[PDB]
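A quick write-up on the structure given underneath.
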Amino acid sequence: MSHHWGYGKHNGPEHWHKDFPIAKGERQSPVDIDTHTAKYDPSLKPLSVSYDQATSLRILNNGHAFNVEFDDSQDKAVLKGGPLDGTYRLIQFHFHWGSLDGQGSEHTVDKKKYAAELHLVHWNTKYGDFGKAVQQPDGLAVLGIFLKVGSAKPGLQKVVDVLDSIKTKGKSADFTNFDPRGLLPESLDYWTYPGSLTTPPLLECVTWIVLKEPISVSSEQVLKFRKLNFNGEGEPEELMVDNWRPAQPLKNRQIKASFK
Ligand SMILES: NS(=O)(=O)c1ccc(OP(=O)(O)c2ccccc2)cc1
Ligand SMILES: [Zn+2]
């Protein structure tokens, strides 16, 4: 209730370390993915994305992004396999995006920035709840998917169409019966490394799984993201754009590839 961090010049990524010293830690996210330096790990398993029984509930503008929230009180939408041991439940997804099509992703690929990045957030069921899981080095698994501007993503349009109803911080809307399978690319080829939340509190609790294949979204879909507001209703309008953290030092980490 006393957090003042954001993405402005006076409260953005360069300032976060003052309230969240782990910002300068040993396993911060995002990072640049050097495709030539990532090593193929033949011991890495295919990812298992099991979203058939997903139960979406609500969409919330939290003043930093918008979250599509799921029922995570049972194994309904789970991520397993790949680098993971055990079962990770989907709790929410959100995006980071830019003011311009040439920026917006948090991870980069050979220094390339995508227009946006989708984060499907999952927590390790052996820790019982999300709040306990974020305190553990293997508490979360975030599936990251890049967005490039080209053809529309049909499975994104229900998200685009509700944004008018959650323009400002603190607004929520019913968002039942949304199928997150409609946001996945064809291939589940991925890179993986140990990292952190990319927003305060920047906890070092995430196994990152970043898909190699981007999804295409239309210019009109991402334009609607950029009409959202960071501010609350009745406050001065600040467009919700450039809500990404830049790449952080890799330090003592290796990025593993599931492919080639
Ligand atoms: N952008 S990312 O790395 O996917 C992320 C960031 C923060 C997240 O949790 P959060 O919902 O901000 C939270 C953290 C700690 C206590 C309560 C809530 C989840 C994913
Ligand atoms: Zn995120």
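Please note that chains go A, B, ... in the order of the structure tokens, that every chain numbers its residues from 1, and that ligands are numbered from 1 in the order shown.
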_Residues near residue 39 in chain A, cut-off 7 Å, only C-alpha atoms, skip fewer than 5 positions along chain, as a list in words_ =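 Near neighbours after the sequence-gap exclusion: residues 255, 256 and 257 of chain A.
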Dump as a Markdown table the rows for residues of chain A within 7 Å of ligand 2: closest atom pair and distance in Å with one decimal, only C-alpha atoms and all ligand atoms counted, ordered by chain and rising residue number.
| residue | atom | partner | partner_atom_place_in_ligand_line | distance |
| --- | --- | --- | --- | --- |
| A:94 | CA | ligand 2 | 1 (Zn) | 6.2 |
| A:95 | CA | ligand 2 | 1 (Zn) | 6.1 |
| A:96 | CA | ligand 2 | 1 (Zn) | 6.3 |
| A:119 | CA | ligand 2 | 1 (Zn) | 5.0 |
| A:198 | CA | ligand 2 | 1 (Zn) | 6.0 |
Put those residues in a file: C-alpha atoms, as a PDB file, in the first residue's frame.
ATOM      1  CA  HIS A  94      -0.144 -10.455 -18.415  1.00  0.00           C
ATOM      2  CA  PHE A  95       1.889  -8.584 -21.034  1.00  0.00           C
ATOM      3  CA  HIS A  96       4.623  -5.959 -21.223  1.00  0.00           C
ATOM      4  CA  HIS A 119       4.034 -13.906 -19.274  1.00  0.00           C
ATOM      5  CA  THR A 198      10.695  -8.549 -13.575  1.00  0.00           C
TER       6      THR A 198
END
Please, which residues in chain A fall within 6 Å of ligand 1 when counting only C-alpha atoms and all ligand atoms, and what is the closest atom pair and distance in Å to one decimal for each, ordered by chain then residue number, as a tab-separated table?
residue	atom	partner	partner_atom_place_in_ligand_line	distance
A:119	CA	ligand 1	4 (O)	5.1
A:121	CA	ligand 1	20 (C)	5.8
A:131	CA	ligand 1	16 (C)	5.8
A:142	CA	ligand 1	4 (O)	5.9
A:197	CA	ligand 1	3 (O)	3.4
A:198	CA	ligand 1	3 (O)	4.0
A:199	CA	ligand 1	6 (C)	4.9
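Compared by their closest atoms to residue 246 in chain A, and using only C-alpha atoms, the residues A:157, A:92, A:108, A:2 rank with A:108 nearest.
Separating CA of residue 4 in chain A from CA of residue 240 in chain A is a distance of 15.7 Å.
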*Could you tell me which of A:201, A:101, A:133, A:93 comes closest to residue 5 in chain A if we count only C-alpha atoms?*
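So, comparing all the options, the nearest one is A:201.
CA of residue 89 in chain A lies 18.1 Å from CA of residue 192 in chain A.
All residues of protein, DNA or RNA that reach within 6 Å of residue 148 in chain A, judged by only C-alpha atoms and not counting those fewer than 3 positions away in the chain, are residues 114, 115 and 216 of chain A.
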*Leaving out residue 253 in chain A and any residue of its chain fewer than 5 positions from it, which residues lie within 8 Å of it when counting only C-alpha atoms, given as an MDAnalysis selection string?*
chainID A and resid 27 193:194
_Taking 2 positions as the minimum chain separation for residues in the same chain, which residues sit within 10 Å of residue 260 in chain A when counting only C-alpha atoms? Answer as a list in words._
residues 39, 40, 41, 42, 189, 257 and 258 of chain A
*asked:* Using only C-alpha atoms, can you tell me which of A:33, A:11, A:232, A:87 comes closest to residue 254 in chain A?
replied: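 For residue 254 in chain A, the nearest of the given residues is A:33.
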_So that I can check the surroundings of range 247-252 of chain A, please list as a PyMOL selection string every protein, DNA and RNA residue that reaches within 8 Å of it, counting only C-alpha atoms and ignoring chain neighbours fewer than 6 positions away._
chain A and resi 26-32+106-108
*Find the spatial neighbours of residue 68 in chain A, counting only C-alpha atoms, within a cut-off of 10 Å - ignore same-chain residues fewer than 3 positions away - and output them as a ChimeraX atom specification.*
/A:56-61,91-95,120,159,172-176,178,180
*Check the DSSP output for the backbone and give back, as an MDAnalysis selection string, the residues of range 18-185 of chain A in helix (DSSP H, G or I).*
chainID A and resid 18 21:24 125:127 130:133 154:166 180:183
*With only C-alpha atoms as the atoms that count, which of A:139, A:170, A:82, A:185 lies nearest to residue 259 in chain A?*
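Checking each of A:139, A:170, A:82, A:185 against residue 259 in chain A, counting only C-alpha atoms, the winner is A:82.
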*Point out the residue among A:166, A:134, A:116, A:211 with the least atom-to-atom distance to residue 63 in chain A, counting only C-alpha atoms.*
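Among the listed residues, the smallest separation from residue 63 in chain A belongs to A:166.
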_My list of candidates is A:214, A:77, A:98, A:117. Which is closest to residue 49 in chain A when distances are computed with only C-alpha atoms?_
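Between A:214, A:77, A:98, A:117, the residue approaching residue 49 in chain A most closely is A:77.
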*Pull the strand (DSSP E) assignments for range 127-230 of chain A out of DSSP run on the backbone, and list those residues as a list in words.*
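So the strand (DSSP E) residues in range 127-230 of chain A would be residues 140, 141, 142, 143, 144, 145, 146, 147, 148, 149, 172, 173, 174, 190, 191, 192, 193, 194, 195, 206, 207, 208, 209, 210, 211, 215, 216 and 217 of chain A.
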Writing out the chosen residues with C-alpha atoms as an mmCIF file, in the first residue's frame:
data_model
loop_
_atom_site.group_PDB
_atom_site.id
_atom_site.type_symbol
_atom_site.label_atom_id
_atom_site.label_comp_id
_atom_site.auth_asym_id
_atom_site.auth_seq_id
_atom_site.Cartn_x
_atom_site.Cartn_y
_atom_site.Cartn_z
ATOM 1 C CA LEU A 140 7.516 -20.033 -10.033
ATOM 2 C CA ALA A 141 7.714 -20.999 -13.699
ATOM 3 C CA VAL A 142 6.949 -18.147 -16.113
ATOM 4 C CA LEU A 143 6.328 -19.065 -19.763
ATOM 5 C CA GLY A 144 7.382 -16.063 -21.847
ATOM 6 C CA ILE A 145 6.105 -15.598 -25.414
ATOM 7 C CA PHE A 146 7.192 -12.782 -27.735
ATOM 8 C CA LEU A 147 4.689 -10.752 -29.749
ATOM 9 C CA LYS A 148 5.562 -9.312 -33.157
ATOM 10 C CA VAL A 149 3.289 -7.026 -35.146
ATOM 11 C CA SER A 172 -11.599 -5.232 -13.006
ATOM 12 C CA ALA A 173 -14.091 -7.088 -15.189
ATOM 13 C CA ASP A 174 -15.505 -10.628 -15.397
ATOM 14 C CA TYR A 190 12.320 -22.854 -25.663
ATOM 15 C CA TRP A 191 15.234 -21.322 -23.809
ATOM 16 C CA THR A 192 15.429 -21.632 -20.012
ATOM 17 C CA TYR A 193 17.456 -19.981 -17.213
ATOM 18 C CA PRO A 194 17.039 -19.178 -13.504
ATOM 19 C CA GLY A 195 15.822 -15.649 -12.846
ATOM 20 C CA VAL A 206 11.457 -17.917 -11.285
ATOM 21 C CA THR A 207 12.470 -20.661 -13.683
ATOM 22 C CA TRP A 208 12.123 -18.754 -16.981
ATOM 23 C CA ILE A 209 10.923 -20.690 -20.041
ATOM 24 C CA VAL A 210 11.000 -18.400 -23.113
ATOM 25 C CA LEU A 211 9.528 -19.763 -26.330
ATOM 26 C CA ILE A 215 3.106 -15.041 -31.946
ATOM 27 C CA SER A 216 1.908 -12.407 -34.455
ATOM 28 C CA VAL A 217 -0.624 -9.764 -33.267
#
